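Now for the letters of each chain:
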Amino acid sequence: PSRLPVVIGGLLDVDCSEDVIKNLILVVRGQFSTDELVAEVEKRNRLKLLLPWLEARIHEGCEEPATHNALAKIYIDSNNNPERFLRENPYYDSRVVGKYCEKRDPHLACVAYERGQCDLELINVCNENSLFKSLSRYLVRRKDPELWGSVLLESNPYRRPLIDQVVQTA
Amino acid sequence: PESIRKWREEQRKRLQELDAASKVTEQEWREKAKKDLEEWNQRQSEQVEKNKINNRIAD
Amino acid sequence: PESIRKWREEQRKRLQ
Amino acid sequence: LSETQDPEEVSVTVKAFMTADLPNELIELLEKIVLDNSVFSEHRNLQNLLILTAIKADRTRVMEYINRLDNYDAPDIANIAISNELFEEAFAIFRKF
Amino acid sequence: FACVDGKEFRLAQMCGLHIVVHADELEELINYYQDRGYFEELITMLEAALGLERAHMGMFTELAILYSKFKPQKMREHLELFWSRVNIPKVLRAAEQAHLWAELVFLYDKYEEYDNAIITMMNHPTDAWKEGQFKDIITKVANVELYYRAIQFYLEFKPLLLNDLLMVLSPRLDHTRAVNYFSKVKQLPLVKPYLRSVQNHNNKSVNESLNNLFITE
Amino acid sequence: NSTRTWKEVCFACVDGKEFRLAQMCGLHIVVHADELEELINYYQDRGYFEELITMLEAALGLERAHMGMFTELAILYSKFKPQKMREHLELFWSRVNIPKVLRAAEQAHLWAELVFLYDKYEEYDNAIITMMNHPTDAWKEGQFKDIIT
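Procedures and definitions
Residues numbered from 1 in each chain as written, not as in the entry; some residues may be left out. Chains lettered and ligands numbered in written order. Part of a larger assembly, values for the part shown. Heavy atoms only, no water. Residues with missing side-chain atoms left out of burial classes, pairs and counts. Helix = DSSP H or I, 4+ residues; strand = E, 2+ residues; numbered from the N terminus. Rg over C-alpha atoms; globule rule 2.2 N^0.38 Å. Buried < 20%, exposed > 50% of the residue type's maximum accessible area, 1.4 Å probe, protein only. Areas by Shrake-Rupley, 256 points an atom, 1.4 Å probe, with all protein chains shown as cover. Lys, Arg positive; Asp, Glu negative; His and termini not counted. Charge placed at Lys NZ, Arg CZ, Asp CG, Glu CD. Contact = heavy atoms within 4.5 Å. Buried area = accessible area lost by both parts, 1.4 Å probe. Salt bridge = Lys/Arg side-chain N within 4 Å of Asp/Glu carboxyl O. Nonpolar A, V, L, I, M, F, W, Y, C, P; charged D, E, K, R; others polar. Core = buried A, V, L, I, M, F, W, Y, C linked by side-chain atoms within 4.5 Å. Axes fitted to C-alpha atoms, helices over the stretch in contact; angles between N-to-C directions. Parallel < 35°, antiparallel > 145°, perpendicular 65-115°, else oblique. Left-handed = near helix turned anticlockwise from the far one by under 90°. Arc of directions from axis to C-beta.

In terms of determination method and resolution, the entry is listed under cryo-EM at 4.69 Å.

In structure tokens form, the structure reads like this:
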């Protein structure tokens with residue numbers, strides 16, 4: 001059943017029902033790829049199809065980023081606020097959620113980078129378009145002189161607003 | 001000065017004004033609410049008779 | 001209808 | 001929904017509400033919102049938590065839930081309706097399928 | 001208190017500044033001034049409440065209530081700032097006693113008391129009503145039966161907006177009870193364009209009502 | 001039902017001038033931030049702003065109500081429907097891109113909206129300048145007393 005996601009992509013090119021797939025995912029798998037069925041269904045744009053199986057899979061308690069990141073991605077498209085699932089799930093990876101939540105919601109991507117300590121990506125996004133107060137809260141929290149050195153050297157054009165904010169956040 | 005007098009009286013008279021003013025405001029809102037129906041039902045009947053005559057010519 | 005034509009002059013009229 | 005991570009946070013408060021002898025239109029409302037427009041679009045113990053809780057109310061709500069709910073179980077809940085005063089609901093269930 | 005007895009007021013503020021900072025004696029000084037009537041000096045004494053380092057909630061609570069009762073021309077703005085600091089119950093009730101409907105709604109929006117907001121909008125829509133604020137607040141309400149009564153209100157007031165509001169109400173609202181309400185007060189053709197988007201549900205009332213409309217078309 | 005299908009047929013539908021069809025047919029494209037700006041670029045050439053704003057009003061109901069949708073919505077409400085900008089932005093200010101909307105609002109530069117916006121995002125210094133240079137429409141005795149601090 002390694003070819004399940006490929007033939008399933010072909011199936012959804014045939015445009016068949018979803019409950020068939022929901023039932024066939026619950027078959028006892030064997031050797032299987034998990035972090036690319038998500039890429040497959042991303043083209044098909046039916047990630048809600050994968051909720052119940054992955055729900056049971058995490059109920060077992062698998063510490064796989066391939067699943068723990070997809071749960072977050074579908075939680076994002078839920079139109080809900082998955083900020084606390086993002087903060088209290090010490091299994092996924094900050095990078096994929098950050099690049100994914102770059103344009104859709106940087107307010108969550110910054111928290112992803114915060115716990116993931118992705119400071120460079122934090123400045124690579126939050127400095128560009130965000131409330132720089134959260135940044136200053138992170139740096140003063142995550143006290144790191146090298147970070148200030150990387151930021152405070154007059155290369156970055158966006159230094160004046162973040163200092164004009166951290167004067168108050170301190 | 002015993003402002004209890006003005007305290008009660010100005011506020012109570014302000015209520016005396018506001019309740020009736022708001023009531024007539026919602027009343028004009030109501031009559032124009034039915035003005036909308038009076039403006040729409042005529043066209044409803046017009047389209048009724050229009051579809052009627054257009055079905056008559058079908059045979 | 002090349003709405004940029006109307007839009008340039010409309011915006012300038014508005015701001016002026 | 002602010003949590004909407006795992007069914008433990010759901011289940012503790014849900015069984016608390018059930019054990020808290022809460023009258024009608026108190027728990028089924030939360031079940032409705034958590035079913036309608038939410039991640040929790042499953043049916044795992046959502047049938048009786050909603051439909052039987054709707055039978056606690058004995059209202060027209062059962063009909064909208066019938067013509068709205070999917071991925072559910074027809075026969076057993078039809079039998080539940082037959083056990084209760086409402087038989088038109090089981091009739092409509094068998095009418096659906 | 002002596003400053004009141006001597007009718008001195010330049011110092012009554014100044015010496016009184018160092019009391020209201022404390023929680024207990026705040027209401028005591030209020031009760032000492034309410035019978036004395038010097039509200040102009042009372043307010044300007046509390047106008048310096050902003051200009052402090054240790055001011056607490058009850059100060060701005062009773063102050064905004066004073067604006068609710070002494071200067072309602074100033075309550076909106078002062079409320080706009082310390083709504084986060086101020087307590088809800090002490091103020092909402094006293095403003096209800098003043099019948100200030102444009103601000104109780106605004107606070108219920110700030111404290112997301114939508115059940116307390118929509119009811120107050122409906123019983124006093126002369127100023128508290130707004131087409132868009134209502135249109136977005138409706139979806140967050142808990143008591144869903146108010147959907148039908150707000151529909152009653154708009155049918156009494158804004159029939160054209162019924163279809164617009166129905167666009168957003170359709171998910172959290174019945175499709176059958178709606179058509180039953182329309183047939184009750186006989187307003188079925190008024191919602192004829194919407195009903196074409198619910199035959200997918202194929203409710204019996206919906207299945208036959210639109211068919212009856214086709215028979216008349 | 002792939003993105004490619006809806007986005008390919010949207011242009012032919014708009015050329016055919018069936019905005020009723022194209023409206024519902026484009027809702028599956030606006031949800032993709034990587035496929036939104038291209039559609040707005042196609043439509044501004046058509047000039048069918050009055051026709052697409054309805055689609056955008058419908059996009060709020062879509063489950064994938066992301067930020068760029070609101071940025072474009074506010075961008076067009078800024079100048080094509082300027083009266084609506086402030087009112088529509090009372091809500092999505094915590095949901096919409098700040099700098100792109102700021103520079104985009106520079107065209108109409110309805111200074112009241114910019115001042116209120118800067119006041120919401122704590123960038124008070126810009127609001128002070130904005131209230132300093134265009135106070136006839138954008139100035140208030142009350143908030144300018146405490147924002148200054």
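Colleague: Tell me about the overall build of chain B, and please be specific about residues and values.
Modeller: On a plain count of helices and strands, chain B comes out with one helix and zero strands. Against the globule reference of 10 Å for 59 residues, chain B gives a C-alpha radius of gyration of 26 Å, more extended than a compact globule. Residues classed as buried in chain B amount to 10% of the 59 residues present. Accessible surface, chain B as shown: approximately 5,000 Å² in total, 54% of it carbon and sulfur. Measuring between centres, the 15 positive side-chain charges of chain B sit 4 Å from its 14 negative side-chain charges.

Colleague: Account for the interface of chain E and chain B, with residues named and values stated.
Modeller: At the junction of the two partners, chain E supplies 18 residues and chain B supplies 16 residues. Each partner contributes to the roughly 1,500 Å² buried at the junction of chain E and chain B, and carbon and sulfur atoms together form 65% of this total. Inspection of the chain E/chain B interface yields one salt bridge. Of the charged contacts, one joins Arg30(B) and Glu156(E) as a salt bridge, the two residues approaching to 2.8 Å between their closest N and O atoms. Sorting the residues of the side of chain E that touches chain B by element identifies helix 10 (125-128) and helix 12 (146-157) of chain E as the ones contributing at least two each. Its residues assigned to classes, the side of chain E that touches chain B comprises nine nonpolar, four polar and five charged.

Colleague: Before we move on, can you summarise the nonpolar core with the specific residues and values?
Modeller: Core analysis: the biggest nonpolar cluster contains 42 residues, and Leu50(A), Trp53(A), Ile74(A), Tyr75(A), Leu86(A) and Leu122(A) have the highest contact counts within it. For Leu86(A), the residues in contact, after removing those within four places along its chain, are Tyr92(A), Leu108(A), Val111(A), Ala112(A) and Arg115(A). Core analysis: the next-biggest nonpolar cluster, separate from the first, contains 36 residues, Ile118(E), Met122(E), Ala150(E) and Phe182(E) among them.

Colleague: Got a sec to walk through the packing of helix 2 (residues 10-20) of chain E against helix 4 (residues 39-47) of chain E? Specific residues and values, please.
Modeller: Residue and element names in this part refer to chain E. Put simply, helix 2 and helix 4 touch, their axes get as near as 10 Å, and they point 45° apart. Judged by the inter-axis angle, helix 2 sits oblique to helix 4. Crossing hand, helix 2 versus helix 4: right-handed. Residue-level inspection shows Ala12, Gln13 and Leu17 of helix 2 in contact with helix 4, the latter providing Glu41, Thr44 and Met45. Taken together, the residues of the contact of helix 2 with helix 4 break down into three nonpolar, two polar and one charged.

Colleague: Report on the environment of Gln168(A), specifying residues and quantitative values.
Modeller: All names here are of chain A. Relative to the elements of secondary structure, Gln168 occurs in helix 12 (residues 159-169). Classification of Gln168 by relative accessible area gives partly exposed; the value is 48%. Along the chain, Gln168 and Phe132 lie 36 residues apart, while their C-alpha atoms are 12 Å from each other.

Colleague: Which residues make up helix 3 (residues 37-44) of chain A, and what values go with them?
Modeller: Residues and elements named next belong to chain A. Along helix 3, the residues classified as buried are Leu37, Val38, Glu40, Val41 and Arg44. Down the axis of helix 3, the buried set is contained in an arc of 155°. They therefore lie on one face. Of the residues trailing helix 3, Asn45 is marked for its positive phi of about 60°.

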